[PDB]
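Inspection log for the structure reproduced underneath, given as structure tokens.
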Amino acid sequence: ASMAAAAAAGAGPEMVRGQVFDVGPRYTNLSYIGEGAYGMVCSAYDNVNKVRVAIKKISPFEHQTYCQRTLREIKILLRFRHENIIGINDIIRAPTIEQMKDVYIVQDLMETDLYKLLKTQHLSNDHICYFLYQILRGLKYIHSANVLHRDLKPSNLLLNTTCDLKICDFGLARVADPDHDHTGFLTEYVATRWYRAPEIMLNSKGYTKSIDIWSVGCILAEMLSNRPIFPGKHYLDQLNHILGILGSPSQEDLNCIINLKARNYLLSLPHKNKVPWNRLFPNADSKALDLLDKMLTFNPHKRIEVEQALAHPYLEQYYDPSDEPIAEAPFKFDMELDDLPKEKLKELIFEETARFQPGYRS
Amino acid sequence: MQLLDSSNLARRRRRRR
Amino acid sequence: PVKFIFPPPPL
Ligand SMILES: C[C@H](NC(=O)Nc1cc2[nH]ncc2c(CO)n1)c1ccccc1
């Protein structure tokens, strides 16, 4: 019948900023948190466990790319398990695929995020250091499963009252099995502009995991000055912003560009001189600035890998390889085969959420 | 305003050294 | 590469 109507018998559908949340009798007392193009996250009260949770309503079935991203986030998160990464505790959707217009994702509730924190507070070095370590600890696990986040930014860094950090919004994430070649196969417009690596623009569809390391450095820079490091208006201005600090690329740097048209654009650019970090960031710990420089390296292949970053001096107090785990089974090439129509993707989403359905009985 | 000594991960690191 | 054309489009 109608679960909402059955819920309505006690307490049922609730309205939040023009969006109805049919999260059933179990979840009530929803409060708006944030929203995206096709989704909205709310805090809510789990009446069964008598605790508050976060609920993400997803409405992707109209568009094929939304469906692709929804299935990727659900499949990656359901198999991921890590301290510094958000997980899926429950999934809510209609019993029949015909009625499935929205999909509800229930996650651990986090009080705030790094983006919110930096607007109101300046972080002490020990806070920056600990936050940065946690970011990389989750990132090590992510890259260990052959997964690229592709949207690391302050807003995607959840924070609770006990200085615990988790990474969320894996909708832009994707599998890239290392054995296969992905040059020219990867989605072109990825990451947020200010945290977008140079090679994403310069080598469209030919980037690697190193784009995440670049984002971390931007976040680290943002923590250090409570201000974005590369506030580009558009991709041209963004490229100018990147080269404003790093300076004109080296010839070795120029040789890693495989887009010849792009390389010639760089050659056509006026010479700009590299800016030292200490002048830009006077009060920053040099140990941090040594690592900051190393994750902002123009060359992606020579960019500091996630394991190497953890072992950098600046995190030596928190560095412990025996408690920086990896996934038991990384993701293979078969998991990236989602170049499908949305009607098929909708079926795949429906199958993947079947375990959460009431009385599944495996 | 509720900005270490309460985080499980930080505690585990300190215990070792 | 629809959005990253390095031959500059006319302003
Ligand atoms: C970034 C986010 N994706 C996600 O999983 N968010 C999440 C989980 C949370 N738990 N506790 C809090 C919390 C938050 C708070 O922002 N957000 C999103 C949201 C809307 C549209 C697209 C994408």
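Chains as they are written, first to last, in the authors' numbering: chain A, -1 to 360; chain B, 3 to 5, 7 to 20; chain C, 29 to 39. Cβ coordinates follow ideal geometry from the N, Cα and C atoms, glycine included.
Quick check on the DSSP output: the beta strand (DSSP E) that includes residue 361 of chain A runs from which residue to which?
This structure leaves residue 361 of chain A out entirely; chain A is present only between -1 and 360.
What's the C-alpha gap between C/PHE34 and A/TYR43?
50 Å
So A/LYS272 and A/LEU244 are in contact, right, with Cβ under 8 Å, and what is the actual spacing, rounded?
6 Å
Which of the three DSSP states, helix, strand or coil, is assigned to A/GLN17?
strand
Can the beta-carbon of A/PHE348 be found closer than 8 Å to that of A/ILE95?
yes
4 or more residues per run - each alpha helix (DSSP H) lying fully within the segment 109 to 144 of chain A:
112 to 118 and 123 to 142
What does A/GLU186 reach in chain C if we use C-beta pairs closer than 8 Å?
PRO29, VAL30, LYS31 and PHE32
Helix or strand or just coil, what does DSSP make of B/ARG20?
coil
Closer than 5 Å to ligand 1: residues, by C-beta to nearest heavy atom, in chain order
A/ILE31, A/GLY32, A/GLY34, A/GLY37, A/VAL39, A/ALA52, A/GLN105, A/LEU107, A/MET108, A/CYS166 and A/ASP167
Check the Cβ of A/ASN253 against every Cβ in chain C and list those closer than 8 Å, keeping chain order.
The premise fails here: A/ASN253 is roughly 17 Å from chain C at the closest Cβ pair, so nothing lies under 8 Å.
Exposed unless 16 or more other CB atoms sit within 10 angstroms - verdict on A/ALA52
buried
How many angstroms separate the CA atom of A/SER320 from the CA atom of A/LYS270?
44 Å
A/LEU258 lies in the alpha helix (DSSP H); which residues open and close that run?
258 to 266
For a contact defined as C-beta to C-beta under 9 Å, what are the partners of C/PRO38 on chain A?
Neighbours of C/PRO38 on chain A: none; closest Cβ ~13 Å, over 9 Å.
Along the alpha helix (DSSP H) that carries A/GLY242, what are the first and last residues, could you check?
233 to 244
Would you say A/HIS310 lies against chain B (beta-carbon separation less than 8 Å)?
no
Mind pulling the chain C residues with CB within less than 9 Å of A/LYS259?
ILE33, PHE34 and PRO35
In whole angstroms, what is the alpha-carbon distance linking A/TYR187 and A/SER360?
39 Å
For A/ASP332, is the classification buried or exposed, using 16 other Cβ atoms within 10 angstroms of its Cβ as the cut-off for buried?
exposed
Minimum Cβ-Cβ distance from A/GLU81 to chain B less than 8 Å:
yes
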